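The next block holds one structure in the form of structure tokens; read it before the comments.
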Amino acid sequence: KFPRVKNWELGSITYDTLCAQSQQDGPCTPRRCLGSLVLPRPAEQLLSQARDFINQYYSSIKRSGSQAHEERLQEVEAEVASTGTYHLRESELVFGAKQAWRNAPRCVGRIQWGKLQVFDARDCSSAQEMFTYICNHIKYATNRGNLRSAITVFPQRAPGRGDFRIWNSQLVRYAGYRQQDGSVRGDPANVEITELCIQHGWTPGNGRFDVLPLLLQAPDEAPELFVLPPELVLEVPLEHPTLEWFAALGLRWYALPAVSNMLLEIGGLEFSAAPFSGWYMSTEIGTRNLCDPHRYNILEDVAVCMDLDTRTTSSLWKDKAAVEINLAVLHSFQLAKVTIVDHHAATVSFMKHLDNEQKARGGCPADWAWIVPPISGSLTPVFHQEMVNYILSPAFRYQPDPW
Amino acid sequence: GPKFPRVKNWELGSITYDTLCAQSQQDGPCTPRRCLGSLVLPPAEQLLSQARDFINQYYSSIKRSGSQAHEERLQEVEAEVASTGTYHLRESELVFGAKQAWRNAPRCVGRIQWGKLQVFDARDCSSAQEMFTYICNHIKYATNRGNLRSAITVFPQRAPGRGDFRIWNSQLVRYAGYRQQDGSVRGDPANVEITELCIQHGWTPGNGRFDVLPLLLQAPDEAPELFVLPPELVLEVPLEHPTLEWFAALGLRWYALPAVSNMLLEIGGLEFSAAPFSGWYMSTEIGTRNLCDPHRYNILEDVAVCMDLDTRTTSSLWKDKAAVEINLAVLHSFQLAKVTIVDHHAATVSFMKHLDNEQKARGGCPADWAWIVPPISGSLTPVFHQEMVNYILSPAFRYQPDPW
Ligand code: HEM
Ligand code: HEM
Ligand SMILES: Cc1cc(N)nc(C[C@H]2CNC[C@@H]2OCCNCCc2cccc(F)c2)c1
Ligand SMILES: Cc1cc(N)nc(C[C@H]2CNC[C@@H]2OCCNCCc2cccc(F)c2)c1
Ligand SMILES: C[C@H](O)[C@H](O)[C@H]1CNc2nc(N)[nH]c(=O)c2N1
Ligand SMILES: C[C@H](O)[C@H](O)[C@H]1CNc2nc(N)[nH]c(=O)c2N1
Ligand SMILES: [Zn+2]
């Protein structure tokens, strides 16, 4: 029942016992594995998730089974029985947010899980106020380049109404403009969201790196548009340690990776706007953002600058240009004094996290295909590490686009 | 949407549904509670139903399902089982089944070539010495002086109460790994045990990093016998770099023929415990895994020092830079020597084409994403962006316990 987990570089073995705490099914069955898929295909239930989560909280502060634990369980029962829902205490919300990050199987940054600033924005009643919270979050998290993990939590979902939602997938994203010639200027991942901004009254730029405005939505209201003041949005010009021409490419990226469209689930309560940020691992920018063919797709441009032979796969021009771009990202961030981690350092620290979690919890849910970096996979220790993937709560989830 | 897994390509935005998985009759390790896809290792009644299924596959493949010859073959199979407990394949059925087992292998990126496989029937083999003759013929044919050709040699199947035909070596060609007094390993550390078994069984060992191992071959109920491959049969490629002149001075080399020799071939309930198969290398197998794994030759640091990189800090990407050059050295050296090899870009491009072929022909293709994606430059290849469904179809190759 408990799976054996082996590391093939070192020959070491552990057993995951934590997986038995899973209450939520993933996409696999004994007939077929679907672990490579990106997205997923009443009082009694809420009450039991609420109890489990409260048990988790009192166990975390070592006060499991005390009177405060007992009376808090009664408070939750009393509230659900009367209202069909309940509310979290602030410190509970703080615990739940850290735990949702801890439990995220696709996150390689989890050694940092215990260090998270939690902003309680549950007293927010308008899109305008959402914006103020978001701006303070950005300023805090950015901290002049010395990035600090943060989450801001807007009011929970309520059965009698529409959700608070941030329409953007990230707080900072570059616009993508579809052209008459069918190409895309800017970031092709953000075409649809750029078009929505324009529909809701934004005057668009014409650059490759136009920071998008935010579409913020209070319950049952049309989303409202807010331009982030450019002084809040820290960006890094990309240059190269040895290649002088690289800077001429005019490439840049923003400092703050801040996911804004996922749902935060704690004790059966759902927070549909709960944006969170940390700092980048270099491959996210250098490899995926700039090199993906359905993104900025710069590989060929860069290789031609390097005067590589582009005529054939076997000169490994792609691999060569990809390394230089990742190096440029590392160099430029370090030069601009902005927090960044390379994929070797991050995966080493992830291995340590796995060992920490083994001792603490008897395992760690991990999604191998997301943990292993998108260049030089087997050069990192996580490649050689077997991993068990499963869903624990508190959790982050995907949710439908609100349009 | 259809009641079958939906499979997306995220580069292109295209969708398919896998209906082939419905044909799987064997459970993998995953459940609704937990995914275990990253784990490397996983009577007459049972046999008869596997047999019937295989015979139906055979007759469907020649477009003769339901026909007299199909029903007669079925009757023939159950009569043979009813009186002996086993049965035997016709020659053309073995050929079909071998190719099908390769086509069904979820972890193989080379499957576009599945229809082109030379199937050597060695089901008459009766000694360890004859296994050696068969293996030498396979190696010569497959190597073809560098113009490599896919091949499989099939020795006799498991029989009840009778011992197995086994090749102890994991591949027909492997380098020795000698444990040193300083605790280190000279040669390939993956091969420490088999090397030590060969010496026990009377091999006089070398003292190099690239000593070709002898074969340990086991006929039914006999102790295994040792056979040295005549060196003229084992094609090897000395490694050099196109621009970095000192690379050749490292004395690195690899062999031409990747020939897996310890896997079990299952066809219709029948188990062929000895059926070595071979193709040609994808360059990352050698340049990235065999040469750069910390637990293999582990040459990353040596090469990066030669390249004069800053090995004191992760963020110089010294590991990534050296790896790329080692991989380019592998491609270049194999090309120069005119030995068949394919890079990870061309290999994955042709695997996508294979996925498209199989969608039309069978309605899906079992594929293990973590194995299909190459170990350098993953997201630079098109398979990274392709969702995959993994399941077990039969005929199949299986891992089997080491015989010692
Ligand atoms: C502190 C620095 C952090 C680093 C270096 C980091 C790194 C990463 C990486 C590389 C991924 C895979 C993303 C992709 O390639 O699409 C990821 C995913 C994820 N991270 Fe982290 N992360 C950090 C902080 C955080 C924080 C603060 C949270 C929440 C509080 C978080 C929650 C998540 C979640 C839920 C995912 C999965 C999202 C998805 O499926 O796209 N991470 N992270
Ligand atoms: C024609 C050129 C071929 C290429 C380039 C190729 C490539 C590969 C690669 C890269 C793997 C992943 C293994 C690893 O990295 O450890 C693999 C696995 C596999 N291949 Fe292929 N292959 C070829 C031919 C064949 C042939 C002829 C067969 C058998 C008839 C075959 C059967 C298998 C099987 C059963 C596996 C999974 C077993 C394992 O190694 O774990 N391949 N192949
Ligand atoms: C907090 C944090 C820090 C960090 N360094 N990195 C991250 C991952 C995000 C940024 N770099 C990529 C990830 O973006 C998150 C969104 N995931 C993209 C895949 C996806 C999801 C849902 C629907 C789709 F259609 C597609 C988070
Ligand atoms: C026929 C063919 C052609 C080709 N290019 N490539 C191949 C795969 C083999 C060679 N390059 C790596 C693979 O070797 C397969 C053996 N390893 C499987 C994993 C494993 C399991 C148990 C214990 C272990 F130590 C390792 C086959
Ligand atoms: C299809 C496949 O699952 C998809 O391309 C995944 C693979 N691994 C990944 N890993 C990370 N970290 N981020 C990603 O976006 C993806 N994409
Ligand atoms: C832990 C993980 O399952 C293991 O290291 C796998 C990953 N992917 C692989 N992919 C291939 N092609 N070959 C391998 O040996 C491995 N090793
Ligand atoms: Zn699975």
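As the structure lists them, so they are numbered: ligands from 1, and atoms in each ligand from 1. Here is the naming used below: chain letters follow the sequence lines, and residue numbers restart at 1 for every chain.
With sequence neighbours left out, A:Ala104 forms a side-chain contact (heavy atoms from CB on, under 4.5 Å) with A:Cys107. For B:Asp356, the salt bridge (charged side-chain N to carboxylate O under 4.0 Å, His left out) criterion is met by B:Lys360, not counting sequence neighbours.
At least one side-chain heavy atom of B:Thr381 sits less than 4.5 Å from a side-chain heavy atom of B:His345. Looking at heavy atoms from C-beta onward, A:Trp101 lies in side-chain contact with A:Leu116 at the 4.5 angstrom threshold.
Protein heavy atom closest to atom 35 (C) of ligand 2, with residue, atom name and distance, is B:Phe397 CD1, 3.5 Å. Of all protein heavy atoms, the one lying nearest to atom 40 (O) of ligand 1 is A:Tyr398 OH, 2.4 Å. Among protein heavy atoms, the minimum distance from atom 3 (C) of ligand 1 is reached at A:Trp279 O, 3.6 Å. Residue, atom and distance of the protein heavy atom nearest to atom 1 (C) of ligand 1 are A:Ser149 OG, 3.4 Å. Nearest protein heavy-atom neighbour of atom 16 (O) of ligand 1: A:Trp370 CZ3, 3.3 Å. With hydrogens left out, the protein atom closest to atom 38 (C) of ligand 1 is A:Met262 SD, 3.8 Å, a heavy atom. Ranking protein heavy atoms by distance to atom 29 (C) of ligand 1, first place goes to A:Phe276 CD1, 3.4 Å. Counting protein heavy atoms only, atom 9 (C) of ligand 2 is closest to B:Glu285 OE2, 3.9 Å.
A salt bridge is defined here as a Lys NZ or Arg NE, NH1 or NH2 lying under 4.0 Å from an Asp or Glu carboxylate O, and A:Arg102 with A:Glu357 meets this definition.
Under a 4.0 Å heavy-atom criterion, A:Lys98 is not in contact with ligand 1. Using a 4.0 Å heavy-atom cutoff, B:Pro375 is absent from the residues neighbouring ligand 2.
By the 30° and 60° cut-offs, the orientation of the rings of A:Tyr296 relative to A:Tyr174 is perpendicular. Note on ring orientation: taking the six-membered ring where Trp is involved, the planes of A:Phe119 and A:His137 are tilted (angle from 30° to 60°). Ring geometry, B:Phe277 versus B:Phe397: the interplanar angle falls from 30° to 60°, so the pair is classed tilted.
Of all protein N/O/S atoms, those lying under 2.8 Å from atom 21 (Fe) of ligand 1 come to 1.
The cationic atom of A:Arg110 (NZ for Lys, CZ for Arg) does not lie both less than 6.0 Å from the six-membered ring centre of A:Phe350 and within 45° of the ring axis. Taking the ring axis of B:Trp114 as reference, the NZ or CZ atom of B:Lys116 does not stay both within 45° of it and closer than 6.0 Å to the ring centre.
For A:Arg288, no heavy-atom contact with ligand 1 is shorter than 4.0 Å. Contacts with ligand 1 closer than 4.0 Å are made by backbone heavy atoms (N, CA, C, O) of A:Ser277 only, the side chain lying farther away.
Under the side chain to side chain contact (heavy atoms under 4.5 Å, CB included) test applied with A:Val153, the options A:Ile266, A:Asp120, A:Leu93 reduce to a single match, A:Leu93. A side-chain hydrogen bond (donor to acceptor under 3.5 Å, both in side chains) with B:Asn9 holds for exactly one of B:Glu387, B:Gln386, B:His385; it is B:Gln386. When each of B:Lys353, B:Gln359, B:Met352 is tested with B:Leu355 by the rule side chain to side chain contact (heavy atoms under 4.5 Å, CB included), just one qualifies, namely B:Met352.
The two atoms that bring B:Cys292 and B:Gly287 nearest to each other are SG-O, 3.2 Å, heavy atoms only.
Between A:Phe333 and A:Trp253, the ring center distance fails the sub-6.0 Å criterion. Proximity of the aromatic rings of A:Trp368 and A:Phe383 is defined here by a centroid distance below 6.0 angstrom, and this criterion is met.
With ligand atoms numbered from 1 in the order given, ligand 1 contributes 10 (C) to contacts under 4.0 Å with heavy atoms of A:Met281.
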Measure and list all N/O to N/O distances between ligand 5 and the protein that fall under 3.5 angstrom.
residue	atom	partner	partner atom	Å
ligand 5	3 (O)	A:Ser36	O	2.6
ligand 5	5 (O)	B:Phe384	O	2.7
ligand 5	8 (N)	A:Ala369	O	2.9
ligand 5	10 (N)	A:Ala369	O	3.3
ligand 5	12 (N)	A:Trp370	O	2.9
ligand 5	15 (O)	A:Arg288	NH1	2.9

